[PDB]
Amino acid sequence: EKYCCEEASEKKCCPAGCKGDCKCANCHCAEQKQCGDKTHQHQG
Ligand SMILES: [Zn+2]
Ligand SMILES: [Zn+2]
Ligand SMILES: [Zn+2]
Ligand SMILES: [Zn+2]
């Protein structure tokens, strides 16, 4: 639901809620990705 980062709550990283191809850096997003290779710190 909308942004899930503690900084990208507007356009710091994505235009409000990673649409998909946001290419986040804190959550490691990529065209709607889940990331977390070896259990990352991703808390969602
Ligand atoms: Zn996000
Ligand atoms: Zn993202
Ligand atoms: Zn994300
Ligand atoms: Zn990651």
# chains A, B, ... in the order shown; residues from 1 in each chain; ligands from 1
>>> residues_near_ligand(ligand="ligand 1", cutoff="8 Å", atoms="only C-alpha atoms and all ligand atoms", output="list in words")
residues 2, 3, 4, 5, 8, 13, 14, 16, 17, 18, 22, 24, 27 and 29 of chain A
>>> write_last_selection(atoms="N, CA, C and O atoms", output="PDB file, in the first residue's frame")
ATOM      1  N   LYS A   2       0.755   2.020  -1.075  1.00  0.00           N
ATOM      2  CA  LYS A   2       1.526   3.245  -1.211  1.00  0.00           C
ATOM      3  C   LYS A   2       2.983   2.971  -0.833  1.00  0.00           C
ATOM      4  O   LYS A   2       3.434   1.827  -0.763  1.00  0.00           O
ATOM      5  N   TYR A   3       3.713   4.054  -0.589  1.00  0.00           N
ATOM      6  CA  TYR A   3       5.120   3.959  -0.219  1.00  0.00           C
ATOM      7  C   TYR A   3       5.293   3.147   1.061  1.00  0.00           C
ATOM      8  O   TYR A   3       4.437   3.173   1.946  1.00  0.00           O
ATOM      9  N   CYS A   4       6.407   2.429   1.152  1.00  0.00           N
ATOM     10  CA  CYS A   4       6.693   1.609   2.324  1.00  0.00           C
ATOM     11  C   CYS A   4       8.057   1.959   2.912  1.00  0.00           C
ATOM     12  O   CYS A   4       8.566   1.257   3.786  1.00  0.00           O
ATOM     13  N   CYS A   5       8.642   3.048   2.426  1.00  0.00           N
ATOM     14  CA  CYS A   5       9.948   3.490   2.902  1.00  0.00           C
ATOM     15  C   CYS A   5       9.805   4.654   3.878  1.00  0.00           C
ATOM     16  O   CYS A   5       8.796   5.355   3.835  1.00  0.00           O
ATOM     17  N   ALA A   8      10.777   7.942   1.312  1.00  0.00           N
ATOM     18  CA  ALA A   8      10.131   8.075   0.013  1.00  0.00           C
ATOM     19  C   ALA A   8       8.620   8.210   0.162  1.00  0.00           C
ATOM     20  O   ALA A   8       7.856   7.525  -0.519  1.00  0.00           O
ATOM     21  N   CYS A  13      12.013   8.794  -3.644  1.00  0.00           N
ATOM     22  CA  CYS A  13      12.478   7.626  -4.383  1.00  0.00           C
ATOM     23  C   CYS A  13      11.477   7.231  -5.464  1.00  0.00           C
ATOM     24  O   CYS A  13      11.860   6.888  -6.582  1.00  0.00           O
ATOM     25  N   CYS A  14      10.195   7.282  -5.121  1.00  0.00           N
ATOM     26  CA  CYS A  14       9.138   6.927  -6.062  1.00  0.00           C
ATOM     27  C   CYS A  14       7.972   7.905  -5.963  1.00  0.00           C
ATOM     28  O   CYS A  14       7.712   8.497  -4.915  1.00  0.00           O
ATOM     29  N   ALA A  16       5.066   8.436  -5.025  1.00  0.00           N
ATOM     30  CA  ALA A  16       4.003   7.967  -4.146  1.00  0.00           C
ATOM     31  C   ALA A  16       3.626   6.524  -4.460  1.00  0.00           C
ATOM     32  O   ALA A  16       2.977   6.247  -5.468  1.00  0.00           O
ATOM     33  N   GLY A  17       4.038   5.606  -3.591  1.00  0.00           N
ATOM     34  CA  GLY A  17       3.735   4.202  -3.795  1.00  0.00           C
ATOM     35  C   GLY A  17       4.345   3.657  -5.071  1.00  0.00           C
ATOM     36  O   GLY A  17       3.780   3.815  -6.154  1.00  0.00           O
ATOM     37  N   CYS A  18       5.502   3.015  -4.945  1.00  0.00           N
ATOM     38  CA  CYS A  18       6.191   2.447  -6.099  1.00  0.00           C
ATOM     39  C   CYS A  18       5.192   1.882  -7.103  1.00  0.00           C
ATOM     40  O   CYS A  18       4.606   0.832  -6.844  1.00  0.00           O
ATOM     41  N   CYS A  22       9.748   1.794 -10.229  1.00  0.00           N
ATOM     42  CA  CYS A  22      10.286   2.879  -9.416  1.00  0.00           C
ATOM     43  C   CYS A  22      11.805   2.789  -9.324  1.00  0.00           C
ATOM     44  O   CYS A  22      12.475   3.817  -9.389  1.00  0.00           O
ATOM     45  N   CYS A  24      13.488   1.582  -6.687  1.00  0.00           N
ATOM     46  CA  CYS A  24      13.827   2.020  -5.338  1.00  0.00           C
ATOM     47  C   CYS A  24      15.256   1.623  -4.981  1.00  0.00           C
ATOM     48  O   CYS A  24      15.882   0.826  -5.678  1.00  0.00           O
ATOM     49  N   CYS A  27      14.327  -0.185  -0.567  1.00  0.00           N
ATOM     50  CA  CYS A  27      13.581  -1.438  -0.579  1.00  0.00           C
ATOM     51  C   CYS A  27      14.078  -2.356  -1.693  1.00  0.00           C
ATOM     52  O   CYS A  27      13.665  -3.513  -1.748  1.00  0.00           O
ATOM     53  N   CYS A  29      13.694  -2.114  -5.193  1.00  0.00           N
ATOM     54  CA  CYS A  29      12.580  -2.403  -6.089  1.00  0.00           C
ATOM     55  C   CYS A  29      13.031  -2.368  -7.547  1.00  0.00           C
ATOM     56  O   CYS A  29      13.975  -1.660  -7.897  1.00  0.00           O
TER      57      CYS A  29
END
>>> residues_near_ligand(ligand="ligand 4", cutoff="6 Å", atoms="only C-alpha atoms and all ligand atoms", output="list in words")
residues 27, 28, 35, 36 and 40 of chain A
>>> atom_distance(atom1="CA of residue 12 in chain A", atom2="CA of residue 42 in chain A")
18.0 Å
>>> atom_distance(atom1="CA of residue 15 in chain A", atom2="CA of residue 31 in chain A")
13.6 Å
>>> atom_distance(atom1="CA of residue 21 in chain A", atom2="CA of residue 41 in chain A")
20.7 Å
>>> decode(residues="chain A", atoms="C-alpha atoms", output="mmCIF file, in the first residue's frame")
data_model
loop_
_atom_site.group_PDB
_atom_site.id
_atom_site.type_symbol
_atom_site.label_atom_id
_atom_site.label_comp_id
_atom_site.auth_asym_id
_atom_site.auth_seq_id
_atom_site.Cartn_x
_atom_site.Cartn_y
_atom_site.Cartn_z
ATOM 1 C CA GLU A 1 0.000 0.000 0.000
ATOM 2 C CA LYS A 2 1.526 3.245 -1.211
ATOM 3 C CA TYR A 3 5.120 3.959 -0.219
ATOM 4 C CA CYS A 4 6.693 1.609 2.324
ATOM 5 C CA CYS A 5 9.948 3.490 2.902
ATOM 6 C CA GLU A 6 10.777 5.904 5.706
ATOM 7 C CA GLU A 7 11.808 8.692 3.362
ATOM 8 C CA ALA A 8 10.131 8.075 0.013
ATOM 9 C CA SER A 9 6.775 9.316 1.299
ATOM 10 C CA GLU A 10 6.384 11.586 -1.713
ATOM 11 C CA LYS A 11 8.980 11.547 -4.467
ATOM 12 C CA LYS A 12 12.185 10.936 -2.548
ATOM 13 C CA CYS A 13 12.478 7.626 -4.383
ATOM 14 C CA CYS A 14 9.138 6.927 -6.062
ATOM 15 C CA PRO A 15 6.103 8.990 -7.147
ATOM 16 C CA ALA A 16 4.003 7.967 -4.146
ATOM 17 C CA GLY A 17 3.735 4.202 -3.795
ATOM 18 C CA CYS A 18 6.191 2.447 -6.099
ATOM 19 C CA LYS A 19 4.095 2.139 -9.243
ATOM 20 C CA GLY A 20 6.395 -0.695 -10.245
ATOM 21 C CA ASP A 21 9.388 0.495 -12.231
ATOM 22 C CA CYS A 22 10.286 2.879 -9.416
ATOM 23 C CA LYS A 23 13.746 1.365 -9.077
ATOM 24 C CA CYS A 24 13.827 2.020 -5.338
ATOM 25 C CA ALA A 25 17.121 1.894 -3.441
ATOM 26 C CA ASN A 26 16.040 1.365 0.168
ATOM 27 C CA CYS A 27 13.581 -1.438 -0.579
ATOM 28 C CA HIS A 28 15.480 -2.605 -3.647
ATOM 29 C CA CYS A 29 12.580 -2.403 -6.089
ATOM 30 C CA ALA A 30 12.680 -3.192 -9.809
ATOM 31 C CA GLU A 31 9.578 -3.279 -11.986
ATOM 32 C CA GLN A 32 7.552 -4.769 -9.142
ATOM 33 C CA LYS A 33 10.156 -6.937 -7.438
ATOM 34 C CA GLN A 34 10.252 -8.662 -4.058
ATOM 35 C CA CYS A 35 14.016 -8.662 -3.512
ATOM 36 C CA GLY A 36 15.372 -10.327 -0.387
ATOM 37 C CA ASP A 37 17.869 -12.779 -1.827
ATOM 38 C CA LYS A 38 19.203 -14.053 1.478
ATOM 39 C CA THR A 39 16.478 -12.693 3.745
ATOM 40 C CA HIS A 40 17.173 -8.975 3.503
ATOM 41 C CA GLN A 41 16.147 -6.391 6.088
ATOM 42 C CA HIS A 42 12.984 -5.789 4.062
ATOM 43 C CA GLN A 43 10.236 -5.436 6.668
ATOM 44 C CA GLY A 44 6.788 -5.537 5.095
#
